[PDB]
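Everything on this sheet refers to the single structure shown next.
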Amino acid sequence: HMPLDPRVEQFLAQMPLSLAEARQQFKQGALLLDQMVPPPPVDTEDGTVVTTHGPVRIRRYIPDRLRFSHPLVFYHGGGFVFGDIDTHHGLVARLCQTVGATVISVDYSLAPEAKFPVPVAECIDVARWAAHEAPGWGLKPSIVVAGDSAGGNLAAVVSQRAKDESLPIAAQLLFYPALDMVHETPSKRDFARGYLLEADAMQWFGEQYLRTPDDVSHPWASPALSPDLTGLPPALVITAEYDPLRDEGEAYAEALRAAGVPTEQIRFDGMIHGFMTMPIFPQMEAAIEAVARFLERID
Ligand SMILES: O=[N+]([O-])c1ccc(O)cc1
Ligand SMILES: O=[N+]([O-])c1ccc(O)cc1
């Protein structure tokens, strides 16, 4: 369908290890993008949450002007293997300042050192911590969960587990999430080479994160498999046109909508996976404005 965005096209055309080296390479790429398009200044405070699987470092972002009445809890992407609070600073800083929201960015345990479902547990525990702390920040105790890619998987799973875990969640923001590790979709078949997120990489991420191949069918790995989506938190689902994960994201949004979940589904045309941590693309800021607009309607 639609042409590639021009800046995206140029980026792809200009594109060209041990685990430690690969993690460093990912961090170096994130730094370079931040150097090209610097993040907004923002007040932050570091801390550590005691979870059921150990200490999890967090960073709380405080907006210049607080305008949104729920804390956001943000889970970074990176295939469950890469990324951290610093790689996703450019996005989180902008979410904080544009929405005018307190944001808790989470440094959950990475694979393969920690395996499925450890980060899911951690992410629930941090969300619960935030809900407990919210009144002392002058906020409502119901949280908004958010994440990109693998982080969007975590946000979606936390949301599905929330009622069972007595966790109050007001909304879920899924940025090009991974949701279905079982089924091939047309986008996954057709866009899995040459658009930054590759088939070989996704297979390797699964090998690092999952305990055994059978885990693909577990709903905490593949939340799109869950048959009952009724009563789940209001959902914003942002996809990229030329992303292998596009179709599972959009299908999940359709399923949420049909289950009576208030859902906004936005495809950014001509875009690729990862664009909301790539500030060289104006669509990153457009999508952050979509977040602000969506969250305005929650209260
Ligand atoms: O393991 N997986 O299926 C994944 C996980 C993350 C991602 O960005 C793509 C695929
Ligand atoms: O690490 N593992 O056990 C795996 C995980 C996923 C897969 O598709 C095959 C093997």
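Whatever order the structure lists ligands and atoms in, that order sets their numbers, starting from 1. We number each residue from 1, following the sequence as shown.
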Task: Numbered atoms of ligand 2 (with element) below 4.0 Å of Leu210, judged on heavy atoms - done: 1 (O), 5 (C)
Open item on the list: Using modelled atom types and a 3.5 Å cut-off, is there a donor and acceptor pairing between side-chain atoms of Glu241 and backbone atoms of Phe268?
Closed with: no
TODO: Flag the pair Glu184 and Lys188 as a salt bridge only when some basic side-chain nitrogen lies within less than 4.0 angstrom of an acidic carboxylate oxygen.
DONE: no
Task: Check: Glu198 side chain, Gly194 main-chain N or O, donor-acceptor pair, under 3.5 Å - done: yes
- [ ] Identify, for atom 10 (C) of ligand 2, the protein heavy atom at the shortest distance, and state residue, atom and that distance.
- [x] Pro213 CG, 3.5 Å
Task: Taking atom 1 (O) of ligand 1 as the reference point, the nearest protein heavy atom with its distance - done: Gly206 N, 3.5 Å
Open item on the list: Yes or no: does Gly77 have any heavy atom under 4.0 Å from an atom of ligand 1?
Closed with: no
Task: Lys27 with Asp84: basic N within carboxylate O range, under 4.0 Å - done: yes
Task: Protein contact to atom 8 (O) of ligand 2 [nearest heavy atom, distance to 0.1 Å] - done: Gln203 OE1, 3.5 Å
Task: Protein contact of atom 6 (C) of ligand 1 - nearest heavy atom, named by residue and atom, plus distance - done: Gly79 CA, 3.6 Å
Open item on the list: Using a 6.0 Å cut-off, check whether atom CZ of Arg60 has over 12 heavy atoms from anything other than its own residue.
Closed with: yes
Task: Atom indices of ligand 2 within 4.0 angstrom of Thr212 heavy atoms, with elements - done: 3 (O)
Task: Ring center gap for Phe275 and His273 short of 6.0 angstrom - done: no
- [ ] Tell me which protein heavy atom sits closest to atom 7 (C) of ligand 1, plus the residue, atom name and distance to 0.1 Å.
- [x] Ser149 OG, 3.7 Å
Task: Nearest candidate to atom 3 (O) of ligand 2, where distance is taken over non-hydrogen atoms, out of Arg211, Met202, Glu207 - done: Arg211
TODO: Measure the acute angle between the ring planes of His89 and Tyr61, then classify it against the limits of 30° and 60° as parallel, tilted or perpendicular.
DONE: tilted
Task: Part of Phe80 with heavy atoms under 4.0 Å of ligand 1, whether side chain, backbone, both or neither - done: side chain
